[PDB]
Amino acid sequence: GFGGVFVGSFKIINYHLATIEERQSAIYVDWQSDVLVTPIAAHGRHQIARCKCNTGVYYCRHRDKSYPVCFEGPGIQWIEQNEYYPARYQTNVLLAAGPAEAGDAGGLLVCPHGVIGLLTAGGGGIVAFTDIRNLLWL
């Protein structure tokens, strides 16, 4: 439930966690929503949820535990935790209450329909995800 989404031969990861090579091969990139889609050699079978679920379960890494959360629908939110990014509005942000700290970014938030998003930032009982439900042919 960590790393990123492996939908076939394309990897979805946070913009702030991508490598130089991934940036060189990237097909979709969004600094505002902190997302990057690039072709990779590690083929996978993850699926993107083409749904409207507002409830899900996400993997927290510094606890190695899965936490269910009801989260607020995707929208523009003011975020200053990821000091990689300065205090700014991010787009496609899902906010919820739950454990999250440095290094948890990239963990999977999923619902029965598939992957909803990727953990972006978190601190002090608040966890944030980037909503990927409109990526790779929404």
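Just count from 1 along the sequence shown to find any residue number.
Open item on the list: When the Cα temperature factors in the entry are averaged, is it 32-40 or 78-86 that ends up higher?
Closed with: Per the PDB record, 78-86.
- [ ] From the list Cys53, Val93, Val110, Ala102, select the residue with the highest C-alpha B factor recorded in the entry.
- [x] The C-alpha B-factor peaks, among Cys53, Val93, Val110, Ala102, at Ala102.
Open item on the list: Out of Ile116, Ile12, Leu119, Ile126, whose C-alpha atom has the biggest B factor in the entry?
Closed with: Spelled out: the listed residue with the top C-alpha B-factor is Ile126.
Open item on the list: Per the entry's values, where does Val5 land by CA temperature factor relative to the rest of its chain, in the lowest, middle or highest third?
Closed with: Answer is lowest: the recorded C-alpha B-factor places it there.
Task: For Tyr58, the third of its chain into which the C-alpha B factor falls - done: CA B-factor rank for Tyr58: lowest third.
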